[PDB]
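Two forms, one chain: they're shown below as structure tokens, one block per form, named structure 1 and structure 2.
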Structure 1
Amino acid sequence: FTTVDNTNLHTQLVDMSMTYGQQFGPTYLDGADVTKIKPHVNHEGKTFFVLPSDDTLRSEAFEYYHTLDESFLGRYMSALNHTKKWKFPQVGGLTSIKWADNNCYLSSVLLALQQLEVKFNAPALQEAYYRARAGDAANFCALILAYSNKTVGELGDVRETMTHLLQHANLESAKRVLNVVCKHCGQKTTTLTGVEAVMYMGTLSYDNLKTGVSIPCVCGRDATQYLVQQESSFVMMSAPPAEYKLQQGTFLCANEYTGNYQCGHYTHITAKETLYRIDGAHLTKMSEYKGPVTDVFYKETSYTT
């Protein structure tokens, strides 16, 4: 029994002589890489993981994971070896992660997804996510790491991570139209789809984007950008961390980042009855917040001006 998706098993008969690596190529088993080891006296009838050695495992790996990256399953396994050892407490109603291995940023990603009307197209993601929502999150965390080419123990950036993951999200009907202006110039309409329809870097305030947001121009004096139309279930506003005040009823959730670029700490802020700050296993409550915020999520259905 080999498998690359844990859904389709492929019965195989083993030889005393060689190691799995010999007969199967790169191999695994319950995380325990068993590539260069031989058959047992007990656990035959075992399901093994394997590299798409052949046209059919390749095809099943792709349909499940929606990736052609030959290194993916290996990196995924390695991460799973650590994440399956993580704790995943329910905090303010949501699955979150006990701090370990600089998993901060994954903790914020996971808490924020649980609040967005979002679906994944890769079956591995859809499934792993459903289980994470029920508090079984190791696979899902290890998939996040693998899909964004990070390893356990690195600190990571939440915005970059969402970038990789939302590429695998159902954005197929998301649309964003922005008007651009230059009062020593004319007026340019732009339409954005996929990830950039929901993800904006340059201000934390969705209103600001509605009423116009500025930056140094390309002809003499500054140019403006404003939102003429939005279609999606949410939007994510990001900016380098800056002192910013979050009020109840104004936003859905947010991330704070304290530190510098190289090293620092994320916590997650969500507004229910009141504002909550989730710091892995830890929860605190507050009526209002002013701190270094870097991502703010807003709820949406259809906006037009």
Structure 2
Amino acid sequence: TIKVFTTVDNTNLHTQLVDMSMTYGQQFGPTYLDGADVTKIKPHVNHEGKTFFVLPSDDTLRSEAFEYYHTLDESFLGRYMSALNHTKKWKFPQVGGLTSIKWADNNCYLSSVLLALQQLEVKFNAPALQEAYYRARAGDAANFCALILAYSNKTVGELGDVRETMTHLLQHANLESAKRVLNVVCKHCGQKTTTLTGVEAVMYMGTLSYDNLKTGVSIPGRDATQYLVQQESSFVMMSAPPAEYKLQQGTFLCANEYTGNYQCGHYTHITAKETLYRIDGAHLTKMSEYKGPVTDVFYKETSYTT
């Protein structure tokens, strides 16, 4: 018999003295060693002292997994481990001063997600994401990418949408202080006011222009427009179907270009430092001008009132 450690939250290590006659599955249920499914393998002698990931089998483990991941999906833990076995073989090079992801398994949309996050003043509620994000910013992003796939209920190799991915992640970001309030104008609504809090206070679908939200957008049974009267957030994400759109330095924080069609496309990240950057995985292109099909644009924000 050997002494190992089981854990669900990478934080609390539960000492376990394991019988060498039963498999790991017999003793804790499905078990993992650095991503490897060790459920149906007898414990080797050199496995002593190592730590293994297990699913919550009791209520203390269920408490630790909930406080660490802020989820109750038990398939979450399973899917997280399954994704990790792939993402720890991805490459995370520094591109444009930021951590990118080398092309693999249709990861382009995930790369655009990771690049924009590194430039937004945002931090997560769930300790799992916040701790994995701190390592992602340092180039060790395998755990963070696997968590994103797990939180989004996506698998390695699946084509993705950047906006949908951000909406799932920002559910665990501290947007408690984010508030957006709009004045809707119809000819018989009086002065009607719409207030958004949370993920919907910093996200919008319809146009890539933050100025158009301040200028006035239309809303879908009769004619009605809507303009922003107050914004309180560290950033705003403007989204729209892929439209040809020019990006000017100093007028935006970052953006995603989407080439291709509705069925199959290619995401590409765009930023600006001394000049405009085009970050496509491990690839980088510098440019004085950009004009192309953009789906999401990020803007720096602090306080805005009309």
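Take the two forms, find the largest set of C-alpha atoms that superpose within 1.5 Å, and that set is the rigid core. Throughout, residue numbering runs from 1 along the sequence of structure 1.
- Superposing the two forms on their core leaves just one of 170, 126, 187, 229 with a Cα displacement of at least 2 Å between the two structures, namely 187.
- Residue displacement note: residue 37 has its CA displaced by at least 2 Å between the two structures (rigid core superposed).
- Once both forms are fitted on their core, the CA shift for residue 58 between the two structures remains under 2 Å.
- Taking 2 Å as the criterion, residue 46 counts as shifted between the two structures: its C-alpha moves by at least this amount when the rigid core is aligned.
- Structural comparison between the two structures after rigid-core fitting shows the C-alpha of residue 265 displaced 0.2 Å.
- Core superposition places the Cα of residue 13 2.5 Å apart between the two structures.
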